[PDB]
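Contents: one structure, followed by commentary.
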Amino acid sequence: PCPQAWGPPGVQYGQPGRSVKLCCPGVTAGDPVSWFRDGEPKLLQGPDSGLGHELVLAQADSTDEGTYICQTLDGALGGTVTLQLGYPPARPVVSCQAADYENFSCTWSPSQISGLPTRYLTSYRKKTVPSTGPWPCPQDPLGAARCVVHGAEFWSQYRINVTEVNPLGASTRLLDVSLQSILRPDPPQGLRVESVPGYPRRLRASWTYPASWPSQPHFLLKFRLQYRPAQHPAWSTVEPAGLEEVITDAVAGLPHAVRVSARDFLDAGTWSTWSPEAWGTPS
Amino acid sequence: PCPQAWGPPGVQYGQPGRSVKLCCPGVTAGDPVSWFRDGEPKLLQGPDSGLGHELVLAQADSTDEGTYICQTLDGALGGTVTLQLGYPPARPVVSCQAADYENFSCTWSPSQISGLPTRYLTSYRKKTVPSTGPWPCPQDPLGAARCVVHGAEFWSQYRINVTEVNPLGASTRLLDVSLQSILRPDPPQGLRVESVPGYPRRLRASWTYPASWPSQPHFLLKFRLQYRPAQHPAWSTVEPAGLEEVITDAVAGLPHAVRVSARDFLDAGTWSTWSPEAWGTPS
Amino acid sequence: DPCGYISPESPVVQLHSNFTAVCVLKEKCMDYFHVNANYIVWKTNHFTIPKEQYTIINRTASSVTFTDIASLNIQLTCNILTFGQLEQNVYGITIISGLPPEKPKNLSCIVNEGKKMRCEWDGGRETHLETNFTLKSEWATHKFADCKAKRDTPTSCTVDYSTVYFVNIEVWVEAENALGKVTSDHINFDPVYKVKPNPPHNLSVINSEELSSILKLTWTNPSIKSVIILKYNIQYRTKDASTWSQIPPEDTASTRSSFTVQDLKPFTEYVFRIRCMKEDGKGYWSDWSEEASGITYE
Amino acid sequence: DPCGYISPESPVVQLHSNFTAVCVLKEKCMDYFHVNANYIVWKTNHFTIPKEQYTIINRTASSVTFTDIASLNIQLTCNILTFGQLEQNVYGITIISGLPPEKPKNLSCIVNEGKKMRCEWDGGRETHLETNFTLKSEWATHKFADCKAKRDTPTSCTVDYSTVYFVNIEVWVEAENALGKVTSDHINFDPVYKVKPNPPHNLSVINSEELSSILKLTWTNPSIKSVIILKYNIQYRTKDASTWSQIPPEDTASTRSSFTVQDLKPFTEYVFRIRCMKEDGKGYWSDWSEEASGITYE
Amino acid sequence: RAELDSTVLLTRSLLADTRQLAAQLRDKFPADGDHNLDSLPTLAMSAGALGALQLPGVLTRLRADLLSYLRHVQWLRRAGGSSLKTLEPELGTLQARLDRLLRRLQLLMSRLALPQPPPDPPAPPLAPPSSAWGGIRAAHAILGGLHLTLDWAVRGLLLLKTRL
Amino acid sequence: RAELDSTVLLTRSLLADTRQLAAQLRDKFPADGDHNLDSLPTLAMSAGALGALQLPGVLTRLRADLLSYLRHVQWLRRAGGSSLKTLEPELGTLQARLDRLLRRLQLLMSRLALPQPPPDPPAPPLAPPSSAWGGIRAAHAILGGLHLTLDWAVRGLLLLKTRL
Ligand SMILES: *[C@@H]1O[C@H](CO)[C@@H](O[C@@H]2O[C@H](CO)[C@@H](O[C@@H]3O[C@H](CO)[C@@H](O)[C@H](O)[C@@H]3O)[C@H](O)[C@H]2NC(C)=O)[C@H](O)[C@H]1NC(C)=O
Ligand SMILES: *[C@@H]1O[C@H](CO)[C@@H](O[C@@H]2O[C@H](CO)[C@@H](O[C@@H]3O[C@H](CO)[C@@H](O)[C@H](O)[C@@H]3O)[C@H](O)[C@H]2NC(C)=O)[C@H](O)[C@H]1NC(C)=O
Ligand SMILES: *[C@@H]1O[C@H](CO)[C@@H](O[C@@H]2O[C@H](CO)[C@@H](O)[C@H](O)[C@H]2NC(C)=O)[C@H](O)[C@H]1NC(C)=O
Ligand SMILES: *[C@@H]1O[C@H](CO)[C@@H](O[C@@H]2O[C@H](CO)[C@@H](O)[C@H](O)[C@H]2NC(C)=O)[C@H](O)[C@H]1NC(C)=O
Ligand SMILES: *[C@@H]1O[C@H](CO)[C@@H](O)[C@H](O)[C@H]1NC(C)=O
Ligand SMILES: *[C@@H]1O[C@H](CO)[C@@H](O)[C@H](O)[C@H]1NC(C)=O
Ligand SMILES: *[C@@H]1O[C@H](CO)[C@@H](O)[C@H](O)[C@H]1NC(C)=O
Ligand SMILES: *[C@@H]1O[C@H](CO)[C@@H](O)[C@H](O)[C@H]1NC(C)=O
Ligand SMILES: *[C@@H]1O[C@H](CO)[C@@H](O)[C@H](O)[C@H]1NC(C)=O
Ligand SMILES: *[C@@H]1O[C@H](CO)[C@@H](O)[C@H](O)[C@H]1NC(C)=O
């Protein structure tokens with residue numbers, strides 16, 4: 001019959017300045033059919049002679065956008081087609097992330113909207129110098145802008161492949177990603193500040209690992225603490241050992257802000273975002 | 001006949017504790033002769049049986065020193081002999097010197113006097129490693145204690161040989177001498193001191209070569225001047241260029257002593273003795 | 001195997017001049033990725049080179065032209081924009097810049113007693129390039145050993161051969177660096193006129209005799225007296241004076257080992273200091289001797 | 001050919017001991033001049049050795065015996081008295097004397113940041129002999145490179161290998177000279193407990209906020225923080241005070257890059273200085289940082 | 001084990017030195033792309049769970065990789081070209097710390113009476129760089145591969161302590 | 001002649017250096033007797049009047065003797081034994097001044113267009129000393145022979161000026 005459609009079953013698409021070839025959907029290829037412009041009785045023609053299964057338009061300009069009707073010579077409506085004009089997709093914008101050392105996930109956005117139906121094919125491979133060829137990245141709920149890779153090699157390098165395709169062409173975004181470079185843990189949770197009786201200028205801060213980071217002897221986290229008294233403009237920075245740090249220069253009688261961030265214990269990736277500030281006041 | 005004598009014609013010599021063999025001077029060897037002690041009529045005997053041409057004394061002590069008489073059996077006085085006792089010569093003491101670069105001369109003294117007639121044989125040779133063998137050193141006036149060697153090699157080494165001999169034995173003194181080491185010129189002559197008008201603390205000293213040193217471009221002399229004001233205890237030393245030296249630190253109004261000495265211009269040998277002091281007083 | 005290279009390998013150019021760099025891609029590399037010169041982007045030290053300075057010569061090569069070069073060190077990298085969403089390095093080079101060496105001026109030498117001949121010179125404008133300095137000296141019948149300056153003292157050299165007096169020696173310094181070679185003017189002199197003797201030692205003052213107002217100075221001259229005739233400068237002042245006086249040079253114009261200073265006040269303390277140099281004034285004055293004190297008689 | 005020789009060739013002996021030297025003449029030399037051992041006279045450094053100290057062993061050899069040797073350097077010559085009025089040299093030797101090296105004591109080492117391990121020790125009594133010093137260090141499974149002391153610093157050595165923390169190293173010094181060999185006691189330690197960090201830099205005082213009487217100190221810690229945990233000592237005094245005060249160590253007992261000093265008088269100028277060392281007190285204190293000045297708010 | 005504790009502390013030290021020099025190098029001589037060398041090991045093929053594996057393979061595997069890296073680091077210094085003299089003396093210090101740690105690893109196996117692996121055949125010589133810049137490009141591949149090996153080394157040694 | 005004046009000044013300098021080192025040596029290492037060596041020249045055979053002789057023989061004769069002495073001085077330094085290291089650096093300075101003066105002598109003959117003597121056959125190597133003290137004994141013979149040669153050299157050069 002004719003090239004099967006992209007989206008809905010009886011609509012075809014085209015680009016300005018091109019040649020566009022409409023087909024009559026519910027008509028056997030080879031049956032002669034007639035074409036009309038909506039509201040206009042003229043039998044339309046196209047570059048290959050005058051009576052086919054498909055109308056063609058070399059014009060392709062904006063006035064040519066609208067609804068077209070094809071019918072067989074008996075009078076039976078063989079179908080309707082709508083010509084919507086547009087442009088091929090632009091290169092999409094792709095980012096990846098990883099909050100743990102095992103799995104990571106990537107997301108993508110169009111860099112330009114065409115007004116045409118759009119969808120994404122995602123895949124990835126491991127560059128070398130076990131089928132390490134192209135492996136699909138399945139999009140977990142529905143067809144969201146996110147795929148997850150489980151059990152990735154931590155030190156190996158992956159070439160992530162997001163390819164945008166529309167009814168008029170394709171454009172592929174490729175993003176190199178290594179688990180050891182992209183990793184960024186979540187901030188610690190439960191930051192609490194307590195007074196230290198007997199010491200008017202000490203506070204004890206304590207906290208735990210983030211829940212997204214399972215405590216394991218293999219991947220610790222190092223920590224970086226910053227603290228600042230209310231109304232003060234400048235942060236003070238310490239590099240605490242362990243999950244606690246006694247501040248010894250707290251200004252007496254003043255609320256103090258304290259925040260902490262996390263990073264892989266072997267300085268892989270980058271420091272987390274700062275935790276929500278927690279406040280305390282020395283005794 | 002008998003061993004001919006040493007000094008006078010009818011006297012022989014001997015050493016204590018030895019055997020001494022007197023001969024009758026004016027008697028043919030083989031004629032029997034008789035011997036007497038002065039004032040004592042006893043016919044003397046000696047170790048070889050009793051009637052020879054020669055009396056022998058194995059005694060040799062001081063009581064045996066005196067006059068002996070020998071006569072033939074006819075009564076004719078065949079001669080007289082005097083036994084004087086002594087000791088072999090000691091090693092003589094020898095020194096050499098040279099006041100010029102061409103010729104040198106040596107002198108000698110006994111280190112011990114024996115009381116016996118004494119004389120010296122002198123000679124020398126050039127050690128190598130033209131008969132450079134032993135060459136006699138002639139004693140110039142009479143048989144004085146001095147010989148002269150003319151046209152000696154300046155750089156070669158000579159072994160000077162003074163050998164003392166007496167009627168009882170010999171002893172040879174050998175003295176190594178090189179012209180380049182032994183040389184010592186005579187002091188300069190005619191040292192004069194003059195005031196220097198206009199300069200109350202300058203004196204000009206002038207002098208000439210010594211007459212024993214012929215002025216020649218081949219052997220100059222270097223000079224060393226010392227000066228000292230009257231009543232001063234310490235000499236001041238300068239090394240003048242040429243035959244003149246202007247002193248510039250003369251104490252005003254005081255007599256100054258000045259003396260100079262000479263040495264080979266290439267620092268061979270040793271410095272001369274100091275000239276007689278000459279005195280001057282600044283203007 | 002690599003895709004290409006940049007030529008020239010590692011050039012050095014003069015400040016304010018122009019430099020053109022050409023990056024050429026091998027046919028094999030261009031074929032696999034389906035690219036050519038038009039895909040080359042140049043970046044240096046984290047700064048993107050603006051596309052407008054590029055010039056595509058062949059389908060294999062792109063070129064850029066720098067004008068009024070002002071950076072002392074430029075790290076140049078040539079890159080290609082593969083399948084429009086990645087970048088891989090083709091080649092790289094390091095560009096060093098600077099100035100040619102200036103003509104050495106004010107060349108002078110000195111022979112410190114006990115040390116070998118030493119020459120000093122004024123270096124000119126900074127060149128920003130590694131510059132080696134070699135002191136040259138040679139006779140008309142012999143080419144002499146080069147003197148290579150020490151890291152600490154690049155503006156001075158001390159030869160390794162012993163000084164030979166009474167012979168004229170031709171000396172000059174040769175400055176050369178990656179951007180140029182030049183020689184200083186040649187000098188000619190007799191080492192005997194460039195001696196810097198050691199200062200007098202064994203200084204003695206001696207007390208006064210039965211006459212007062214007189215002091216005799218004695219000292220031991222330096223061994224160098226065997227080659228040159230010494231001249232001296234004797235300075236003296238009262239223990240309380242602020243400035244030094246000096247004996248008239250004409251009175252101490254020739255080698256000596258003692259001098260009696262007169263017209264000094266009785267029972268007064270005097271301080272002395274002396275220095276020496278070649279009698280003809282050709283050379284350098286030695287340093288001052290050790291200070292000496294003395295007292296006049298009663 | 002020579003007439004003889006002296007044995008031993010060139011001995012070195014200990015002070016207050018005895019030494020016997022034997023000079024032996026070849027038969028050929030004795031025959032030409034018609035002499036023997038009885039004609040040997042010994043002289044040293046212009047001093048005639050008294051005949052009474054000689055001992056004629058064979059007709060070919062004479063010997064002398066020195067007791068309570070007290071001279072550091074003896075030039076010994078053996079001579080024969082030819083035909084009683086000349087003297088010719090048979091042989092000669094140089095006698096050197098001294099003391100054996102003392103056992104090195106108080107051995108200690110230090111690792112200055114940026115430099116290789118350096119060890120120091122107290123040398124003992126002067127030995128008067130040329131003594132070489134070699135620093136030894138070795139693991140149980142590897143013998144390490146010797147460290148040869150420098151002419152200028154004979155009592156110290158600086159190894160040529162980089163420091164390796166967290167591994168026990170066995171170290172000792174070996175002293176040896178012509179009269180004896182001895183080793184110091186062996187020491188064992190972990191380089192981590194002998195570090196001497198550099199002093200803090202980038203010292204900043206910062207002015208006071210809307211509250212006065214408070215100053216916050218900031219600085220940049222030394223790179224060595226990656227291997228050891230730092231501890232500090234912060235001292236402060238008023239611009240006019242004569243002595244320094246100090247923050248209680250317990251409050252500054254762990255790594256940090258800032259500290260706010262309190263209870264300071266308003267609009268008063270304060271001077272600060274800081275030093276650091278390993279948190280456990282095992283090692284050496286760094287030098288004092290650069291001085292810092294600050295002013296309290298109004 | 002006290003012996004295992006000491007070895008782990010030194011490995012973390014060497015990892016930090018390697019990371020700093022690799023990052024310093026890219027700041028001065030930027031690299032465009034992931035560089036590889038056929039002569040370098042490409043054994044760093046595993047995911048997270050790889051901790052699961054047993055002790056003999058890990059120690060044998062660590063020893064083989066580090067010996068190749070030592071050869072390559074030493075090769076870089078003597079012949080990498082004047083362009084890389086700026087990476088001294090830090091590069092020479094890095095070389096010295098690594099040879100000793102290999103020795104420490106052989107001692108660990110001896111003290112624990114572990115079977116020693118058979119002496120493998122040493123790799124042929126690395127060809128000299130084709131250019132000064134080729135040596136610089138080779139350094140990026142070597143340092144990246146080294147610090148990855150060391151990163152996985154720290155983790156593995158800590159896992160064994162968790163079992164024996 | 002200005003050229004002859006310059007050469008004579010340098011000869012007096014070398015004579016003084018040789019005398020001082022020879023006298024210094026006997027103070028530290030006394031010598032008992034006049035020492036000789038078969039390999040040293042023994043050409044210093046003449047009296048006072050020898051000034052009489054002509055210029056070609058004197059310059060040829062000086063050149064041959066000094067070349068032998070240079071060989072012997074250099075031989076002493078490299079192999080005389082540790083006993084004689086105390087005679088440095090003065091002995092090495094003495095060696096350097098002598099080689100150049102030989103060069104100056106060849107230049108003098110060239111500038112005056114004098115016939116050059118035929119290249120004589122160089123003397124075979126000196127055997128090494130049989131002992132350290134044998135080298136010291138050899139030094140006394142060498143220095144005494146050298147300073148005598150130089151003493152007669154100063155005198156001879158001054159005589160030629162007196163004629164031409
Ligand atoms: C990144 O991933 C995307 C998606 O997998 C890749 O797009 C893929 O491109 C290849 C060409 O290399 C397509 O192969 C096909 O071959 C057939 C037979 O010749 C032809 O009919 C197609 O037109 C196409 O050329 C493949 O279909 C396409 N993937 C999808 C889902 O359409 C892209 O190549 C990847 N880039 C990498 C891994 O560097
Ligand atoms: C130093 O000079 C003196 C005097 O010339 C030397 O005394 C001389 O000694 C030689 C022996 O070497 C004597 O030779 C004689 O030989 C004959 C025949 O055998 C014999 O009858 C003599 O008794 C003696 O041995 C020579 O006569 C003698 N000179 C004199 C004037 O009597 C001495 O040897 C010289 N020493 C040297 C040059 O070292
Ligand atoms: C493209 O340009 C390059 C650069 O000039 C050409 O390579 C040069 O070729 C000449 C001789 O053919 C050599 O002397 C130069 O040394 C080369 N340059 C370099 C950087 O090596 C190349 O031949 C050109 N190719 C074409 C097809 O024109
Ligand atoms: C004379 O004494 C010397 C000195 O002891 C003897 O030479 C020694 O001989 C023994 C063996 O015969 C060697 O072990 C020594 O080394 C020799 N000494 C020296 C200094 O070389 C010599 O044999 C003795 N001669 C006679 C005839 O008794
Ligand atoms: C990684 O994926 C596995 C596979 O289901 C999962 O069990 C694990 O929880 C994931 N990791 C994290 C940190 O959620
Ligand atoms: C040396 O001897 C000769 C020979 O007669 C003589 O002419 C000359 O004057 C002597 N020398 C001196 C300085 O008297
Ligand atoms: C290129 O070089 C020339 C001559 O060296 C100079 O005049 C010009 O300014 C430079 N820059 C250009 C042409 O952009
Ligand atoms: C001088 O240039 C040479 C060029 O080969 C270089 O190797 C050397 O390091 C430079 N510096 C010195 C002091 O030789
Ligand atoms: C010789 O040596 C012994 C032992 O070393 C010592 O007792 C003695 O005093 C020394 N001197 C002599 C025997 O003259
Ligand atoms: C140490 O002893 C050796 C012995 O061979 C000697 O050569 C060296 O000069 C001495 N000193 C040093 C610093 O090596």
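If you go along the chain as it appears here, the first residue is 1 and each next one adds 1.
Header lists the method as X-ray crystallography, 3.8 Å.
The backbone N, Cα and C atoms fix where each Cβ goes, and this holds for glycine too.
Here C:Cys3 is paired by Swiss-Prot through a disulfide bond, and of C:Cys29, C:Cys78 its partner is C:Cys29. Which of C:5-9, C:15-19, C:185-189, C:285-289 counts as motif 'WSXWS motif' depends on Swiss-Prot, and there it is C:285-289. Note: Swiss-Prot links C:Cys78 through a disulfide bond to C:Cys23 (candidates: C:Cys23, C:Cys119, C:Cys147). In this structure, C:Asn18 (N-linked glycosylation site) belongs to neither helix nor strand by DSSP; it is coil.
Candidate recorded positions: C:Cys3, C:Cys29, C:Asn58, C:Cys147, C:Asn202. Nearest to C:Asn18 (N-linked glycosylation site) by Cα distance: C:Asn58. Using a cut-off of under 8 A between C-beta atoms, none of the recorded positions C:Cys23, C:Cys119, C:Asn132, C:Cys157 neighbours chain B. Tertiary neighbourhood of the motif 'WSXWS motif' (C:285-289): same-chain residues 196-201, 203, 219, 222, 233, 273-277, selected by CB-CB distance under 8 Å and a gap of 6+ residues from either end. Looking only at the disulfide-bonded residues C:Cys29, C:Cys109, C:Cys119, C:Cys157, the densest Cβ neighbourhood within 10 Å occurs at C:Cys157.
Looking at C:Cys147 (disulfide bond) and C:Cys109 (disulfide bond), their Cα atoms lie 13 Å from each other.
Rounded to a whole number, the distance between the Cα atoms of C:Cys109 (disulfide bond) and C:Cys78 (disulfide bond) is 51 Å. Annotated pair C:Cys29 (disulfide bond) and C:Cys23 (disulfide bond), C-alpha to C-alpha distance, rounded: 13 Å. Cα spacing between C:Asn132 (N-linked glycosylation site) and C:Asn202 (N-linked glycosylation site): 44 Å, rounded to the nearest whole number. For the pair formed by C:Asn58 (N-linked glycosylation site) and C:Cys3 (disulfide bond), distance between Cα atoms is given as 15 Å, rounded to the nearest Å. Neighbour density for C:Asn58 (N-linked glycosylation site): within 10 A of its CB lie 12 other CB atoms from the protein chains shown.
A separation of roughly 15 Å, to the nearest angstrom, links the Cα atoms of C:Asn106 (N-linked glycosylation site) and C:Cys157 (disulfide bond).
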